Amino acid sequence: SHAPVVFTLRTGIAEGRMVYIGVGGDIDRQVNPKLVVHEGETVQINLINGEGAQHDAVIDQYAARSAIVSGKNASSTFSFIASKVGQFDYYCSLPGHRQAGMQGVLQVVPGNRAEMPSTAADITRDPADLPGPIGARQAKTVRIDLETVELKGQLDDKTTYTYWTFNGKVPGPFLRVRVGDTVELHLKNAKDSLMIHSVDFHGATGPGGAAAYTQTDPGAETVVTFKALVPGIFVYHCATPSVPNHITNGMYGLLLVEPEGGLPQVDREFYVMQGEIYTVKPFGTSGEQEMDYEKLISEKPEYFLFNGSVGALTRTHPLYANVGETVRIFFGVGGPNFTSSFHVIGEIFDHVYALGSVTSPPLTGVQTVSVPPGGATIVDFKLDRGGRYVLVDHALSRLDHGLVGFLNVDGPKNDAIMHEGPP
Amino acid sequence: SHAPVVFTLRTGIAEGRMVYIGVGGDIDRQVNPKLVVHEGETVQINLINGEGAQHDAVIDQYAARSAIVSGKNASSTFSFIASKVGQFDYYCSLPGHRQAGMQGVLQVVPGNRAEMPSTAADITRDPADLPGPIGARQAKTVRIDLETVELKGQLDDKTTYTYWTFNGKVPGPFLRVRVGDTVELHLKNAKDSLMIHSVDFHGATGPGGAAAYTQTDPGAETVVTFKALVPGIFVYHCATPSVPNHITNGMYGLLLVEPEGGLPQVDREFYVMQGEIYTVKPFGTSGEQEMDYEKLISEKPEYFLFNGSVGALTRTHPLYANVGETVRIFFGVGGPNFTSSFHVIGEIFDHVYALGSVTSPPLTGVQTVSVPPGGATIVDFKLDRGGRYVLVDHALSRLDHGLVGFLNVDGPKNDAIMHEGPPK
Amino acid sequence: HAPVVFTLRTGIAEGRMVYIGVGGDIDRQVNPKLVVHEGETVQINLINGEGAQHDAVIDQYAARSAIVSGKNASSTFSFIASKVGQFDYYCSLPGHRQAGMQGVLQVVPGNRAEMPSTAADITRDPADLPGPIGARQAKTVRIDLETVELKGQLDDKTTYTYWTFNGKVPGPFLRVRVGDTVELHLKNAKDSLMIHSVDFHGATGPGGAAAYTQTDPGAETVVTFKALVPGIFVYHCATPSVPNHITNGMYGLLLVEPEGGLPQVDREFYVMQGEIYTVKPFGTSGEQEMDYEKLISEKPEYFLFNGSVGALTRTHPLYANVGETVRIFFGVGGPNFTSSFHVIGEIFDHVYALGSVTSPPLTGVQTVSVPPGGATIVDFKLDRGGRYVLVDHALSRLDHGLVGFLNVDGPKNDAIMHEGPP
Ligand SMILES: [Cu+2]
Ligand SMILES: [Cu+2]
Ligand SMILES: [Cu+2]
Ligand SMILES: [Cu+2]
Ligand SMILES: [Cu+2]
Ligand SMILES: [Cu+2]
Ligand SMILES: [Cu+2]
Ligand SMILES: [Cu+2]
Ligand SMILES: [Cu+2]
């Protein structure tokens with residue numbers, strides 16, 4: 001799996017013994033915690049040396065072990081497939097350390113892990129929730145209605161956060177117009193909002209990209225009209241101070257201004273945006289997470305997310321496509337701070353629209369593309385064959401902060417394009 | 001200015017009461033500080049939970065409030081326009097917290113905020129301070145004179161720093177030659193310099209980009225000649241160790257090697273460079289700031305700056321242009337460490353010279369371009385209509401570290417391109 | 001001229017106001033002797049420890065720091081150790097020298113000897129790659145990779161446990177033609193603790209081959225895949241934690257040549273940038289160990305070309321001749337940081353943007369952003385001689401081991417660059 005079940009153990013002294021102590025998740029501060037895993041899950045165990053003796057973790061029946069960690073903070077991670085149901089000791093093999101207390105149980109339970117019933121609204125934008133290509137048609141007046149909504153959202157399994165959104169989801173609505181169109185934008189700020197909200201479209205020309213006309217009090221409405229003068233794939237975002245705050249909380253989306261031709265014909269389109277959340281408590285902490293101002297202004301986030309939540313594009317709203325289809329992903333970074341090294345594991349980009357230019361010729365045969373915050377791009381590729389294709393920021397530590405998505409495509413394991421064994 | 005006046009409050013216990021405590025700026029460590037703002041200013045208040053009780057901040061007459069912050073370090077920022085002159089209580093609405101001492105005054109004063117008289121040299125390069133297009137002319141020998149000067153500069157309103165510069169400004173002089181030119185470079189290191197200084201031009205071919213010939217002792221002079229073989233927009237920087245130190249302190253600039261044709265004709269040109277400063281004390285601290293080596297080598301800066309100073313391109317040397325003009329910005333990142341997501345709020349780049357290639361066809365209709373440290377680019381756009389256009393690194397937390405500039409363009413508020421209300 | 005660096009923190013020790021050494025051969029020593037060889041460039045970083053006013057001065061070099069006042073206030077200075085002998089570094093602030101702020105710089109004749117190595121050399125020579133494939137038809141190509149866990153020389157008195165393809169970092173340079181059918185054998189060495197795998201960015205299907213190559217120690221997996229698209233592709237291990245497998249050294253480049261081949265060039269080089277996340281700071285001697293909290297927080301200690309400090313300066317530098325066109329295949333294993341790749345004293349004639357081998361290259365480029373899991377191609381003509389220096393232009397990474405040399409014999413002064421006026 002590309003979504004391993006992760007457990008962090010720190011060695012130390014508790015309850016009169018030399019033990020493993022759980023870090024984060026369902027095992028925080030528990031001594032020799034039981035690691036509950038479901039049959040067939042991939043298990044990642046991070047061992048961190050707490051007190052400075054020599055330590056490993058060993059599981060005999062999986063021939064799985066860490067390396068020996070010697071100094072304080074010295075770490076070793078290992079993984080395995082929980083293929084066998086039952087109870088298995090994890091223990092330290094260093095002389096006497098197991099006798100001294102360094103031992104817990106891995107419990108592998110049959111059947112699939114249930115989802116933890118959510119407590120807050122699902123704020124994840126489905127990646128299939130966008131308008132399709134506009135017909136060929138004349139330029140015209142297009143009315144767009146945006147509502148700024150502050151609301152608690154399900155950030156992770158067992159963890160919530162107060163999102164600020166366009167229309168109660170992250171990212172906001174995918175806006176699709178034709179170059180030459182006149183956009184009549186209505187911004188309604190919900191009555192229950194504490195904050196003023198606004199919108200800056202990177203595809204609008206004039207003060208604040210519409211921000212200077214859309215500073216909207218709670219329960220109020222602003223209306224701005226602007227001409228879509230330039231074709232492109234544009235991030236829009238709130239532009240009420242603190243703008244970084246409004247952005248991290250989830251107030252970003254994409255505006256496609258289609259060129260006169262339309263974009264190249266493609267079978268299937270997807271809407272994906274990357275952003276960061278800056279919480280007081282580390283990634284994996286249960287309960288209501290809260291915003292950490294010092295982390296926000298210093299660019300030290302805890303969550304890296306596709307479409308608003310951990311599991312957004314894996315559990316709650318994954319991407320589905322069919323072999324033979326050409327796929328387009330509209331990909332933008334709300335941010336507010338980090339440049340994505342956007343990549344799809346198992347695929348190569350046939351076309352990449354450089355710096356989100358829809359008028360310059362796209363680059364061809366590209367593995368990975370840098371997308372800045374307040375930037376967007378378009379990638380397309382042909383699904384020649386089946387598999388689970390995985391969306392990542394290839395700054396891959398961000399896997400361990402919630403940043404991973406699935407493109408699910410039914411087809412055989414083995415064909416002429418990729419198979420096990422030789423010809 | 002729409003530039004927000006910012007105040008940070010930490011909740012805690014002081015003077016035997018549960019209070020707000022000021023963080024940084026003119027309010028550092030003051031309990032229930034008076035927040036002085038001028039009529040019509042935009043006010044940003046950052047509330048940070050200090051001790052771990054439930055808190056907000058409320059201002060009744062502005063219907064302005066934070067969210068409730070519960071745990072230690074839990075934060076909520078809110079803003080509003082200081083539209084009414086007078087005195088207004090900010091207070092915590094949690095049961096009993098106001099009675100317990102959580103209350104201060106917002107003072108909204110008539111008239112415009114005065115600027116603090118500066119203490120140190122203005123080290124900000126005006127963005128209009130560059131040579132215009134070279135005529136059509138033959139390749140020739142061009143003598144360039146650079147002087148490396150160490151000097152105290154006005155980093156912010158009430159805060160100074162010891163800059164290292166080419167010719168007493170940040171960025172250094174804009175150097176403009178034609179491909180094929182022979183450059184006769186004289187580097188004079190001022191008598192009063194403590195450090196050796198040098199120059200590496202990204203547009204020069206050979207040892208250290210000229211650095212191996214320009215290691216200049218204080219009071220001394222080096223002369224190097226080099227041929228401008230390749231057209232491009234090149235960052236030059238000091239290359240005396242620690243190079244990152246020489247760069248953060250302000251020793252970076254742009255060399256344009258014009259292609260034979262010249263660059264496309266445009267109405268107005270601008271010179272902008274982004275860099276970082278790594279200070280012991282946080283952004284917003286008054287007095288003489290000093291360099292923090294552990295922050296520099298760990299890439300944890302306090303200041304993100306256009307042309308050397310906070311307010312460089314907003315207060316002291318903003319950009320001015322007229323509706324209808326095509327504008328070119330020569331934009332480079334001295335760094336030394338951070339990639340800029342360069343963007344102008346309210347405009348789209350008609351042309352972007354990707355990776356500073358002046359010979360490859362530019363990209364078209366681009367919102368935002370990544371520029372690496374030791375990289376530069378060219379963007380142009382037509383000012384279709386009026387406004388204050390805002391230069392940013394779209395890693396927008398860097399707003400809160402001094403990184404913002406203004407392009408001022410007078411014209412009506414409402415025209416056919418953007419206006420309030422629906423279409424007519 | 002890769003500077004010898006010494007860090008001094010001011011403080012109180014042995015009943016005196018002193019300099020205290022930080023890292024290297026001088027960690028925690030009071031008024032440490034700074035041993036330097038004739039003609040070396042010396043960088044001294046002064047950091048204020050206790051909060052009095054301080055500088056460091058060396059009279060016979062007219063070299064000094066600035067005065068540093070507050071706690072953590074810093075000043076670095078450098079000079080060329082041109083004169084052999086012993087020279088006092090001291091604080092010039094009133095009475096501070098008398099109070100104990102004084103040590104000796106010792107400048108010794110002759111070149112610094114190399115530290116005898118303790119662990120295997122894990123640095124890939126940048127010249128160790130297959131040359132251009134002839135013009136030829138698509139065919140079946142068998143590639144053999146072995147995943148080897150082994151102790152390597154991270155720095156000249158510092159070791160680390162590397163995970164590698166074939167015992168070097170980066171892994172083998174794989175070179176095929178578009179249309180080729182790749183028969184990949186992955187052998188995981190018997191002595192490995194971890195499962196290993198490979199994801200090629202140039203393969204189409206589950207995990208870029210990772211889903212077929214999860215290989216137990218002492219075992220072998222075989223996957224076949226068609227190189228459908230030309231490009232310069234990073235490959236890496238894709239066994240969890242993938243970031244862990246990557247930082248430890250499991251990354252390399254696959255060139256899928258376009259039908260034409262790449263433009264003719266005199267000399268080719270293989271360079272990859274990555275990070276290592278150690279418990280102890282950069283410059284610490286002995287067995288370094290991995291710091292998980294630093295890895296997931298993206299706070300590395302080592303920024304490296306081809307696996308080691310001195311990889312492309314001391315142990316395996318780049319060599320070329322004036323007049324030659326040079327191509328560098330440059331990729332970022334990472335796992336986390338985007339390189340601002342630049343060669344000091346050169347300009348890129350061609351840059352293959354985002355590693356596109358089919359789209360026209362950009363021309364006359366100083367510096368190119370390469371993301372982690374990204375690669376590019378740059379070429380340039382060596383018009384003249386010199387030591388050309390490969391850097392990430394996020395230049396604080398110099399102070400974490402990230403620097404390489406391209407050595408090219410030729411005169412100091414020619415018509416392209418020289419000392420006097422013309
Ligand atoms: Cu143990
Ligand atoms: Cu908002
Ligand atoms: Cu924006
Ligand atoms: Cu309170
Ligand atoms: Cu300098
Ligand atoms: Cu440089
Ligand atoms: Cu002293
Ligand atoms: Cu591996
Ligand atoms: Cu990859």
Side-chain angles (χ1 to χ4, degrees), chain A residues 200 202 235 237-239 241-248 252 275-276 278 292-301 333-340 370-375, chain B residues 2-4 6 8 24 44 46 77 124 155-156 159 161 170-171 247-248 250 252 272-279 282-285 289 295-296 298-314 331-345 367-373 375 390-406, chain C residues 298 338 340 369 394 396:
Chain A
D200 164 6
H202 287 193
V235 357
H237 58 76
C238 186
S242 175
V243 179
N245 188 8
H246 289 259
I247 289 168
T248 183
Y252 49 90
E276 321 107 30
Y278 298 79
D292 186 327
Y293 197 62
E294 232 69 79
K295 281 179 189 181
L296 178 57
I297 65 83
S298 65
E299 307 189 18
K300 295 196 314 264
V333 184
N337 289 315
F338 283 80
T339 298
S340 183
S370 301
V371 185
Chain B
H2 151 304
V6 337
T8 309
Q44 184 181 321
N46 309 311
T77 297
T124 293
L155 169 55
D156 201 341
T159 138
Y161 186 82
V170 179
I247 290 168
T248 182
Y252 49 89
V272 176
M273 290 202 88
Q274 171 177 322
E276 320 108 30
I277 288 178
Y278 298 78
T279 57
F283 178 84
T285 309
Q289 288 265 41
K295 281 178 190 184
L296 178 59
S298 311
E299 308 186 14
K300 314 240 98 53
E302 290 301 333
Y303 295 80
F304 279 97
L305 308 166
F306 293 137
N307 295 20
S309 86
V310 184
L313 300 198
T314 62
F331 179 73
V333 183
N337 289 313
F338 283 79
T339 296
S340 183
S341 301
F342 185 66
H343 171 87
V344 171
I345 308 182
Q367 60 199 309
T368 302
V369 47
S370 298
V371 185
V390 180
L391 286 69
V392 303
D393 182 341
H394 215 288
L396 281 176
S397 285
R398 297 171 199 177
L399 285 175
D400 302 309
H401 294 266
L403 195 56
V404 66
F406 295 153
Chain C
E298 305 189 13
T338 298
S340 301
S369 300
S396 284

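Order of the sequence lines sets the chain letters (A, B, ...), proteins ahead of strands, with each chain counted from 1. We use all heavy atoms of the structure for the numbers below, so side chains are in, but hydrogens, waters and symmetry mates are not.
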Apply ring pair (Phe, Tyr, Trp, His ring centres under 6.0 Å) to [X] and list each qualifying residue two or more places apart in sequence or on a separate chain.
| X | result |
| --- | --- |
| A/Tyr293 | none |
| B/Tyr278 | none |
| A/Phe338 | A/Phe304 |

Can you name the residues that form a side chain to side chain contact (heavy atoms under 4.5 Å, CB included) with [X], not counting sequence neighbours?
| X | answer |
| --- | --- |
| B/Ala312 | B/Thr124, B/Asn307, B/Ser309 |
| B/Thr159 | B/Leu155, B/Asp156, B/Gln289, B/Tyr303 |
| B/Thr8 | B/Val23, B/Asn46, B/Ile48 |
| A/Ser370 | A/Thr339, C/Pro371 |

Minimum-distance pair of heavy atoms, taken over all atoms of [X] and [Y]:
| X | Y | answer |
| --- | --- | --- |
| B/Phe306 | B/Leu313 | CB-CD1, 3.5 Å |
| B/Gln367 | A/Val235 | OE1-N, 3.1 Å |
| A/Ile297 | B/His401 | O-NE2, 2.5 Å |
| B/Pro373 | C/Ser340 | CD-OG, 3.4 Å |
| A/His246 | A/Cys238 | ND1-SG, 3.4 Å |
| B/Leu296 | B/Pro336 | CD1-CG, 4.1 Å |

Under 3.5 Å: donor-acceptor pair, side chain of B/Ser298, backbone of B/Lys295:
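No, the answer is negative, given that no donor and acceptor are paired below the 3.5 Å cut-off.
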
Ignoring hydrogens and geometry, is there a side-chain-to-backbone donor-acceptor pair from B/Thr314 to B/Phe406 under 3.5 Å?
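It does not hold such a pair.
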
Sequence neighbours left out, what passes side chain to side chain donor-acceptor pair (under 3.5 Å) with [X]? Give chain and number order.
| X | result |
| --- | --- |
| A/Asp292 | none |
| B/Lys300 | none |
| B/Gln274 | B/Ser340, B/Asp393 |
| B/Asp400 | none |

Checking B/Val310 against B/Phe283 for the side-chain contact (heavy atoms from CB on, under 4.5 Å) test, could you report, in this order, the C-alpha distance in whole Å, the side-chain angles of both residues, the deciding distance, and whether it holds?
CA-CA 10 Å; B/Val310 184; B/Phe283 178 84; 3.7 Å; yes

Can you sort out the partners of A/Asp200 under salt bridge (charged side-chain N to carboxylate O under 4.0 Å, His left out), two or more places apart, ordered by chain and number?
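Result, salt bridge (charged side-chain N to carboxylate O under 4.0 Å, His left out) vs A/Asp200: none returned.
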
Given side-chain contact (heavy atoms from CB on, under 4.5 Å), test B/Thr368 with B/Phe342 step by step and report yes or no.
CA-CA 6 Å; B/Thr368 302; B/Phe342 185 66; over 6 Å; no

Residue pair B/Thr285, B/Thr279: steps toward the side-chain contact (heavy atoms from CB on, under 4.5 Å) verdict:
CA-CA 10 Å; B/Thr285 309; B/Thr279 57; over 6 Å; no

